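Chains as they are written, first to last, in the deposited numbering: chain V, 27 to 163; chain F, 11 to 45; chain E, 3 to 84; chain A, 10 to 344; chain D, 13 to 352; chain T, 1 to 32; chain C, 27 to 473.
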Amino acid sequence: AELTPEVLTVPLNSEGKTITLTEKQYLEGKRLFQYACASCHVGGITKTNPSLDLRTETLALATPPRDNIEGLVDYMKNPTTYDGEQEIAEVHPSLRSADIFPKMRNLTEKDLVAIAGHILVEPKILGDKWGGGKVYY
Amino acid sequence: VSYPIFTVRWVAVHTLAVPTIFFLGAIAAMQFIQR
Amino acid sequence: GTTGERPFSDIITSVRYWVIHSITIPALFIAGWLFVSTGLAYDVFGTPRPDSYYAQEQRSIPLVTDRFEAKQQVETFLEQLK
Amino acid sequence: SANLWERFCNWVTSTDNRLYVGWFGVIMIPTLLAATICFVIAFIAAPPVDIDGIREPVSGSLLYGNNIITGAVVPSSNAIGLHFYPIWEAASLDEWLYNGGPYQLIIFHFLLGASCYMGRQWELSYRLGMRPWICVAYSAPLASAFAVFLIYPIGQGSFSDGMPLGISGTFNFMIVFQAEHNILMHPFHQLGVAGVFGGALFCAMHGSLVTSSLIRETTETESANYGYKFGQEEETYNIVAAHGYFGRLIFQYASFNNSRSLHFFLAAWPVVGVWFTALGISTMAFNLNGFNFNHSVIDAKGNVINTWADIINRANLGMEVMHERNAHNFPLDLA
Amino acid sequence: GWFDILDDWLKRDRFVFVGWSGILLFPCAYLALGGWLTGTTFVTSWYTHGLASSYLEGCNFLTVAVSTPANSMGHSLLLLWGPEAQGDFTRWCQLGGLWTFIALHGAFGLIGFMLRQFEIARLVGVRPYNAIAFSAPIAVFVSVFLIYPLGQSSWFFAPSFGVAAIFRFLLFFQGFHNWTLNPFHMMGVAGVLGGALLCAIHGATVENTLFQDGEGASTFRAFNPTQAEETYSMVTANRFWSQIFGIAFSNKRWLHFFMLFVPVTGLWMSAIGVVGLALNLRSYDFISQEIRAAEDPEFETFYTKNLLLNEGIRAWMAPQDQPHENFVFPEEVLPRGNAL
Amino acid sequence: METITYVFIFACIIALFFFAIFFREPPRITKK
Amino acid sequence: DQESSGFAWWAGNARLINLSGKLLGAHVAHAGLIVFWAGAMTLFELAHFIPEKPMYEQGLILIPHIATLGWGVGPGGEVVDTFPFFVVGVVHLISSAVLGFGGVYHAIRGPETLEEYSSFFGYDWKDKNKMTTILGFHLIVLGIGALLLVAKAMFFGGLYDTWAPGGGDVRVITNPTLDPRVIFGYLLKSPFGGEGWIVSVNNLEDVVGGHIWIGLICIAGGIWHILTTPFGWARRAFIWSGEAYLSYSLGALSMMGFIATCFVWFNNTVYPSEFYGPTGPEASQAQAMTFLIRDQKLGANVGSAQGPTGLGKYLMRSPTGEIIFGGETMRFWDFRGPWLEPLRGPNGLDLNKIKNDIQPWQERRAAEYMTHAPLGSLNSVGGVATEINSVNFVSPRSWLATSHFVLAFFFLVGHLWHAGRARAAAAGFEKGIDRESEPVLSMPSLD
Ligand code: CLA
Ligand code: CLA
Ligand code: CLA
Ligand code: CLA
Ligand code: CLA
Ligand code: CLA
Ligand SMILES: CC1=C(/C=C/C(C)=C/C=C/C(C)=C/C=C/C=C(C)/C=C/C=C(C)/C=C/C2=C(C)CCCC2(C)C)C(C)(C)CCC1
Ligand SMILES: CC1=C(/C=C/C(C)=C/C=C/C(C)=C/C=C/C=C(C)/C=C/C=C(C)/C=C/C2=C(C)CCCC2(C)C)C(C)(C)CCC1
Ligand SMILES: CC1=C(\C=C/C(C)=C/C=C/C(C)=C/C=C/C=C(C)/C=C/C=C(C)/C=C/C2=C(C)CCCC2(C)C)C(C)(C)CCC1
């Protein structure tokens, strides 16, 4: 019962190719997740819009697919609506709006990848907990 | 006065004192365990 | 207002006491420390190590379900690398 | 007449009154009388009150289907919040009783009177040449009423969230409080029960020790109480025999031999403990809640290993999730 | 005779009085406190409650506990050498053997302790009203930690020895027994709360009605340890409360017995209520209320409100609080208000 | 019927309060 | 000099009631502790301070105090230069050494009494002239201090105005409200819902203006006391002793401690939500805003939306008819804030502005404040008691309010304690009832 590199193996892109994170990245991602996400996305939910969570399945049915490092990283730069037919960086933290969301100024591409990996790793560990809310607490 | 050393009070005192410090040392070590 | 025992105040003040207890008190401390740090404690009380609550995949709890064959059932729980 | 007003002041301040109406009494007596009269009438005959301001009246009076245990005086509407709502602020009494008008009239009058009651407990002590601080002990139960009836509503932003005036209603206040604040896991509360448990403990301690060490002056078939006369010179119990016993129960130096050091401790412990429990409610009135150890201890992989703290949280959710059914429209309870 | 010589030694006035009682008290009392402090730091509750309960696992002073045995155990005494543990010590800990250890030992320790009160009092030649009083704490421990679970399915539903583990015991009784609505419990708190009042009010009364027996302001030194005159004005105390409260004591012997009666009687009433909860004979509902609430959907009291809170507590807590039941409650079956 | 019973006992306690305060036994000093 | 034959050890400081010299040392050494904390804590805060991050998310209570005075901040509370924070911190910490020096000096070296080593500084508690005079001195010192604020605001830079026309920014106040009808009007305001008494101040003009009045009035009373003595009634009413004067100031601080608690909890102006957290109501108001904004974007007509109770999911009416936010947030319809006001009309929240004048900066403002409500645990876990560990946060508004209520209360206890003793000390029975002449025994039996 431990955090194996087997668990830290998450899909990198849409074309099946995967990437293996390290215990350093995970922790770093988890920390960065608290720094800039937890505020609204604590435990995989979304306080300011409970209809959309960070479940891998939910990210998969997103448009474009956001259930991989590449999907998530792009989002953190130019976030869109679930159908992708509208850019929402003005009311959502991102690199192209770091002037508006100062927390995103420090964040560099390493940080983005770490954060992305965290979102994909947690449900591997927590399971239904990561997606659901108080019901699973 | 010529007080003795080993007494019933001494026994009582140690039954609590000796394990305590042994526990305080053990717990103190627990503060460094992780994952 | 007095009994046979040697007044604490005198003993806690006596140099002889500290000559003794500067050795004894830290000794017990280091011993208790070793008791945990060497992982012995884990085995004396069957307490699970951070990597010994579940199996890798399993997410179920090793709940004891019958009194008489409990000990045997517990041992079986340790089998699945738990 | 030596001077009407001069006589008046002499009558008020008079220590020859059956009940000492003090200067604080001049405020207490009317206020306490208004509070009690309104309460009694309300508790019996008041119509249902829309406490949560959601047009969902809660009946808490006897004549409207309640008994002693369930009956209560329902807090003012959540539509009023912290607004001042006297009778002359309503188009009619019908409206006034619907929006929980009586409640404010009672709590304000009570808290006012109960404060002057503390003020009077000094005055009489002053008039009788005895030391003060008796009122200081009463400051503890008063500060709780204040925390429960005034401080928490102020903090939460509505008098509708103040503790109701009733048995079961008091139970609701607690259960919900536990949900929103996790009070059992708060140091100030824990100090409160400690003072309260310790209090009852020490009350039994002192009580027993003294009554057990009484000097014999009574017959075998005569009340042991008669062995005391009101206005004695000497003591009625052997405090030296008391100390001898209790000193052997534990050990000598862990026993009192000074009656004055004894009674101070008897007074200090519960008062201080309740003082913190009152500060607890007053602190959690600004949402500085108890310890949150939810999902603290986790295993090497990241799995959540539950504690009793987690089992507590499950009970708490149930309270949270079910309380005020139809009052919430949005995800977070920030009110 | 060796007996009277054995007696001689035991009843010798030491720093820590032993006595005949001590032969029972000290062994149990120590093992009970020791067993707790042991389990508190080392032994787990994983195989029994699916819980971490020790410092070794990461619990703190509040969340640590010596949890009850499994529900499988039933009311088994769980002897170290019993059919369950089979002499094994490690297994014994994991099956929650330390709970029945602490319980039974502590039980006899409370027996030994009251006996100590009885024995010492006899020697000192004082009345045993300290032993009579200590009966209330006995009744509570007996009713709660023994009688109650003896009425339930197993020791599992007894209060586990620990801070937080007791808090759940409170919430449980609320959710499941509606314990606050019980007349016997109410008498309980009235005694404790009323007892904590007597404690406060009497001490303060005394400290502020004292005579001047010294020239210093710190009047503590000015007390005569060798009886004589009353250190405080009972007569002044009387007239005070008679004018501020209307009623006042005037018989120290009654005042102090009253201080014994109130908190002892309360604890005893609360015991009886718990004895009734063992068979689940609770004070859960008011039939007249429910009948109207059923026919009339607009009838609402603070009583009805509370029951809904109970429904939530039961539903959301039962799964992880009663593992042995393998409870599975779908999200849709979970009772919930709006939004929350 | 229930309402009456509740108020009755209550009214009785208040009545007792009165007598307890103003019709007590006069607390006499020394020579008692 | 002083030992057990005066007071007990645990009442040690009461042995200094009549030792002017040493009693001055205490006050000078004590005042150093206050300056020391202020200094050492500011540097502690700065040392942890993260510029590109909200102050309320960093456990700051001193740097946001400096920020309000227009220092190191700019547009929208953006931190520009951390040097002023560093300065305020270090200067204090230095001054603590100077004060601490004198304190220690007067307490163990200098004259144990002052009366002889200087009749000007020496004093007598019962000397109604010296007391009113020393009081007169401090009444001026505080008066100038009140003007020190007025100066910083009108001349030396200004203050942080959240109500800034172009959006929260440091603004120089050059038009202080000096109209007495307006200023002292606040004192005649109710302390309940709506009419908020002193805490209801909502613009820097009044703040600066009011301080001008206080500054002058204080010094005016400062001079008055120098050149006078207490009247007749003033003497026949009060108790004149060292403890009595203490009690009077104790209840005074208690009252101010309670007023400060409500100020940091309710007021938006002198406690900017940009530096501190959002106020309690502000946070609950934001959630209604947020989800009114969301659902409306989903095509919902918020104006006519009917909630479970049939009251109005998003918008409803106040008891006086004003259009307000719906839900449990109906209790906070008294909230006013820069982000929300442009949506308000003459009858409350305007359905047309709500329908198409919602600005993006407002949406994310609502989301921010919504997700930063002053809800948390003692171990600092942001959210409801049932929340999960992740977000380590507790609103500064929560820390300050709770801390200062505890202090204010205990000071009310201290007041009663020292006021009760002074009355008994004066009349002379604070040490017990006279065994011989027992007062009660001379009064008729009420029986
Ligand atoms: C006098 C003090 C005292 C008392 C009353 C108890 C009481 C108890 N202990 Mg205990 N204990 C003590 C001191 C004491 N302990 C000390 C000092 C230690 C440290 C070594 C322990 C260590 C300890 C452990 C490790 C355990 C207990 C347990 C128990 C419980 C069950 C034991 C049992 O079955 O008794 C048996 C009773 C007797 C043996 C009394 C027999 C007396 C008769 C007169 C003698 C006859 C013998 C003769 C051969 C019979 C012939 C008959 C013929 C037909 C064969 C019981 C509540 C168990 C427990 O709590 O389970 C949950 C447990 O596992 N104790
Ligand atoms: C302006 C504030 C002020 C001032 C100048 C005084 C001054 C005085 N008080 Mg006093 N008092 C105050 C506020 C104040 N008080 C308040 C607010 C209360 C309410 C609690 C009291 C309650 C009080 C009592 C009950 C008594 C005094 C007494 C006295 C006199 C002797 C001083 C003494 O006993 O020191 C001795 C100081 C101590 C023993 C220190 C106590 C430590 C406190 C209780 C703990 C604080 C907790 C701390 C924050 C936690 C730190 C963590 C720790 C691990 C480091 C002296 C004239 C005594 C006297 O003679 O009356 C005239 C006396 O009996 N006061
Ligand atoms: C704000 C805290 C404070 C302050 C300023 C004082 C101040 C004072 N107390 Mg005091 N006291 C306090 C808290 C405080 N107390 C508390 C909490 C208690 C309860 C435990 C007491 C109990 C108490 C008793 C029982 C007595 C005093 C007395 C005194 C006075 C004489 C001090 C003395 O005997 O020197 C002795 C000095 C020393 C033994 C050396 C101490 C070292 C110095 C003072 C500290 C150095 C500070 C710093 C590290 C150096 C900086 C140097 C730098 C500037 C260069 C003095 C005015 C006495 C009195 O009445 O005066 C006649 C007295 O009898 N106090
Ligand atoms: C009273 C004003 C006050 C306020 C509002 C704050 C507020 C804050 N401080 Mg702070 N602080 C203060 C005074 C204050 N402090 C003082 C006087 C000191 C000097 C010791 C410090 C030293 C300090 C440090 C070193 C740090 C803070 C930090 C913080 C922040 C995090 C709070 C936290 O986690 O504390 C939680 C604290 C507790 C839960 C302890 C509560 C203790 C209570 C009051 C004890 C009560 C028991 C009672 C007195 C017993 C007596 C009874 C007996 C007589 C019978 C917060 C903004 C931290 C920070 O900025 O990081 C973000 C940080 O690292 N503060
Ligand atoms: C609460 C403040 C305070 C008060 C009332 C006193 C009072 C006193 N001190 Mg003293 N002192 C203090 C703080 C204080 N000190 C501090 C902080 C220190 C550390 C540096 C000292 C160090 C000190 C020493 C070393 C000595 C005294 C002495 C004395 C006594 C003789 C008067 C004197 O020296 O003034 C003479 C000086 C003046 C009258 C003029 C001083 C004016 C200064 C330079 C300007 C101050 C500006 C001020 C901060 C702003 C106010 C202006 C504002 C209204 C606009 C007198 C009782 C002496 C003593 O014990 O003799 C009995 C002595 O030898 N003090
Ligand atoms: C904090 C600073 C301070 C202090 C401690 C004092 C202290 C004193 N002043 Mg004073 N004064 C001050 C500042 C201060 N002054 C200032 C700044 C001015 C200029 C305006 C004056 C002008 C002044 C005059 C003209 C007189 C005094 C007098 C007095 C003495 C008697 C006060 C009295 O009996 O009031 C007791 C008050 C009452 C009996 C009235 C109670 C009714 C109050 C005001 C309303 C209820 C309060 C309520 C709870 C608070 C709510 C707020 C309200 C706005 C709603 C006393 C020594 C008198 C004296 O003896 O002259 C030397 C006197 O005639 N003062
Ligand atoms: C089980 C068992 C047993 C037993 C054993 C024992 C008996 C042990 C003991 C043990 C012990 C005997 C331990 C102890 C411990 C203790 C501790 C661990 C403590 C701690 C403490 C602390 C931590 C403190 C704290 C505090 C307080 C509380 C006060 C205030 C302040 C302070 C903080 C200081 C036997 C073998 C017989 C058999 C088998 C079973
Ligand atoms: C507007 C404003 C302002 C201002 C304010 C002011 C101006 C205030 C004032 C205030 C005041 C001006 C107050 C006063 C107070 C008073 C008092 C508090 C008093 C008290 C008194 C007493 C307490 C007394 C008592 C008594 C009696 C009555 C009888 C006889 C005896 C005795 C003495 C006990 C500010 C700045 C904030 C800001 C802006 C806004
Ligand atoms: C009387 C008395 C007392 C009290 C005392 C006191 C209260 C004292 C105070 C003292 C004080 C009040 C002190 C102060 C100090 C301060 C200082 C000494 C300062 C320092 C500074 C510096 C050193 C600088 C600089 C810096 C910076 C700028 C940054 C970097 C870091 C540093 C920090 C280096 C007692 C209770 C004990 C006992 C009895 C007697």
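Note that beta-carbon positions come from the ideal geometry of N, C-alpha and C, so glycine has one too.
At least one heavy atom of ligand 9 is found less than 8 Å from the C-beta of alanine 123 (chain C). Separation of the CB atoms of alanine 336 (chain A) and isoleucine 63 (chain A) is rounded to 5 Å, and the pair is thereby assigned contact status at 8 Å.
Taking a beta-carbon distance threshold of 9 Å, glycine 226 (chain D) counts as an interface residue toward chain C.
Beyond the five residues adjoining it in sequence on each side, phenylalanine 37 (chain E) comes within less than 8 Å, by CB distance, of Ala43 in the same chain, given in chain order. At least one CB of chain V lies nearer than 9 Å to the CB of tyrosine 55 (chain E).
Per the C-alpha coordinates, the member of A:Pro84, A:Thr45, A:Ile46 positioned closest to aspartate 59 (chain A) is A:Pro84.
With a threshold of 16 other beta carbon atoms within 10 Å, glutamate 227 (chain D) falls short and is exposed. In this structure, C:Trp359 is the residue among C:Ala64, C:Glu354, C:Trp359, C:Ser330 with its C-alpha nearest to the C-alpha of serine 344 (chain C). Interface flag for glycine 48 (chain E) against chain F is unset, since no Cβ pair is found closer than 9 Å. When 8 Å is used as the limit between beta carbons, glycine 110 (chain V) is near no residue of chain C, the shortest such separation being about 16 Å. Here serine 86 (chain A) is buried, its C-beta having at least 16 other C-beta atoms within 10 Å. Neighbours of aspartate 473 (chain C) in chain T, taken as residues at a C-beta separation under 7 Å, are given in chain order as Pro26, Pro27. Straight-line spacing of the CA atoms in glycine 440 (chain C) and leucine 375 (chain C) works out to 47 Å. Only those residues of the region 72-104 of chain D whose C-beta falls short of 7 Å from the nearest C-beta of chain E are listed: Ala82, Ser84, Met85, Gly86, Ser88, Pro95, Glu96, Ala97, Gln98, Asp100, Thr102, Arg103. Separation of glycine 90 (chain A) and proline 304 (chain C) (C-alpha to C-alpha, rounded to the nearest whole angstrom) is 19 Å. Distance between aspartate 103 (chain A) and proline 57 (chain A), taken at the CA atoms: about 11 Å. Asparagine 39 (chain C) sits in a helix when the DSSP states are folded into three classes. Sorted by chain position, residues whose beta-carbon lies closer than 6 Å to a non-hydrogen atom of ligand 4 are A:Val281, C:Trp63, C:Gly85, C:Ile87, C:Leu404, C:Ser406, C:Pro422, C:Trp425, C:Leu426, C:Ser429. The Cβ-Cβ distance between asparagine 83 (chain D) and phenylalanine 169 (chain D) falls below 9 Å.
The three-state reading of DSSP puts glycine 175 (chain A) in strand, counting E and B together. Taking the CA atoms as reference points, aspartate 187 (chain C) sits about 22 Å from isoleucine 76 (chain C). Neighbourhood of ligand 7, defined by CB distance below 5 Å to any of its heavy atoms: F:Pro29, F:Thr30, F:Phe33, D:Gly46, D:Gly47, D:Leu49, D:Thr50, in chain order.
For the 9 Å CB-CB criterion, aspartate 53 (chain E) and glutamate 28 (chain V) form a contact. Only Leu71, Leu72, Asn76, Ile77 from the region 63-87 of chain A bring a Cβ to less than 8 Å from some Cβ of chain T. For the pair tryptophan 104 (chain D) and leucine 83 (chain E), the Cα-to-Cα distance works out to about 21 Å. At least one beta carbon of chain V lies nearer than 9 Å to the beta carbon of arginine 323 (chain A).
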